[PDB]
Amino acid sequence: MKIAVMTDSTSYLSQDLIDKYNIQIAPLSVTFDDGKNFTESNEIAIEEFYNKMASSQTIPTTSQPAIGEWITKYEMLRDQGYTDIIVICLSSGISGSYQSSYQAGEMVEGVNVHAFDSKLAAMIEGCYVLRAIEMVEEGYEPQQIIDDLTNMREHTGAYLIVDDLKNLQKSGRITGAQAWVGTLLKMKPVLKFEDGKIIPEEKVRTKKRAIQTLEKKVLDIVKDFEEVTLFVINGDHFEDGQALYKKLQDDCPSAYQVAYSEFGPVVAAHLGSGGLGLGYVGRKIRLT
């Protein structure tokens, strides 16, 4: 037995963790209306991506990893000697990445593939990667890891805000809230993940009250969990995510693990400018 853990690029893991654990990545891509194509990786300057999205007359579109890109990664790992591959994917409710990883896993010869639907994105998806690696080190077998991740998913979630619903409506990634699209006025939507999809939670009078609402919703849930990891998951407005991060560090006990992260180009194309999420896991995830 020799177990590998891999993921798609939307887990937005740091290059430090990718290098240290040799994590293979099946990348998603963005295509701009000028025909320029970019594959996700930590060498892309995220500020450069936001600049091009702001200068685009048409919103950029995204692409999941092709099934052949999953296959090539599975073949490379097999040929390094791995017998089993745990694959952590972007939510199946918002992308076909998971289903293509699953079908690729049925198709590749000579290695066992265990594809897992995180039902989330960004570093909350990334926490499933880090939990699986930790379990591999402790000697667990693949089905035990999958059972542990399925339990973890019962106490994991995220709420988020956006400036405008126009990018999510364009791509079809907001479920419901059709009466909010275009209106809103000065009001800001608070959204949440629910069984893998993005749905309305509440509409509040200002952005400041929307960020206060993110904190309240999440703290009301995680107070019942025996362990807690929170991630601020920030977009292009550095100060909004930084201020929420510092506030959580103050309001929460040190028994909560509180971290800061940013999402990359693919998620940014769907949220638009001003996206900001607060995600949670009822586990103490190893972040080093």
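Heads up: residue numbers just count along the shown sequence, starting at 1.
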- Is it true that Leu130 has no coordinates in a third or more of the other entries in the comparison? no
- Query: Does a third or more of the other compared entries skip modelling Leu185?
  - Reply: yes
- Note on the structure: Ranked by mean Cα B-factor in the entry, 40-48 and 231-239, top stretch is 40-48
- Message: Averaging CA B factors per stretch from the PDB record, which one is higher: 128-136 or 184-192?
- Response: 184-192
- Looking only at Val87, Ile211, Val108, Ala158, the Cα with the top B-factor belongs to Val108
- Looking at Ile146, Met152, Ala177, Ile94, which has the highest Cα B-factor in the entry? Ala177
- Message: Test of reading the entry: by CA B factor among the chain's modelled residues, which third contains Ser118?
- Response: lowest
- Message: Going by the CA temperature factor in the PDB record, which third of the chain does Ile285 belong to: lowest, middle or highest?
- Response: lowest
- Tertile call for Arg173 (CA temperature factor, within chain, third-based) is the lowest
- Message: Looking at the temperature factor on the CA atom of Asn112, which third of the chain's modelled residues does it land in?
- Response: middle
- Sort the modelled residues of this chain by their C-alpha B factor and say whether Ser261 lands in the lowest, middle or highest third. lowest
